[PDB]
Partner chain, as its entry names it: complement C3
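Take a look at this one chain, the form deposited without the partner chain, written out in structure tokens.
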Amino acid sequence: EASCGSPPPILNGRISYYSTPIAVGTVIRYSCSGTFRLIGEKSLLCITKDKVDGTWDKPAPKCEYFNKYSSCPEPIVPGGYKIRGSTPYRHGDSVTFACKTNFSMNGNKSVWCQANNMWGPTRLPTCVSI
């Protein structure tokens, strides 16, 4: 059966338990110590596109040293709406979006407020009328 290689490591962070070989369907969780903030989706899933090679479904998140002064402006996604997240958006805070009725999403539904005062680590999702 297809399997995944070692999960992407994380500076100043930890990964939850995983057995080897890593079977397709395996999920691992990332976390950071108290003085750091996890940026990006915390859970990775081992998938396979061709049933021969296994690959993780997304890049690993990262741990950023807490910057207490950082804040992000209200993120806006045309055709979509915020379903989770409250202002003010400080370092490590996240917002989740859903597309309006008759719109379909492309991209990650959640973004995080980074130390550089920008939303990331990915672009905000796009909601397209279908």
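Numbering follows the first chain given and starts at 1.
Legend: mean Cα B-factor per stretch from the PDB entry, 66-74 versus 81-89; the higher mean is in 81-89.
Taking only CA atoms, the mean B-factor in the PDB entry is higher for 34-42 than for the other of 34-42 and 90-98. Of all the options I47, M105, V27, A60, the entry's greatest CA B-factor is assigned to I47.
Among the modelled residues of the chain, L124 sits in the lowest third by CA temperature factor in this PDB entry. Placement of the Cα temperature factor of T20 within the chain: highest third of the modelled residues, per the deposited record. Placement of the Cα temperature factor of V111 within the chain: lowest third of the modelled residues, per the deposited record.
Just so it is clear, the following notes concern the form solved in complex with the partner chain, a form of the same protein that is not shown.
Among residues of the shown chain, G85 is one whose heavy atoms approach the partner chain to within 4.5 Å in the deposited bound form.
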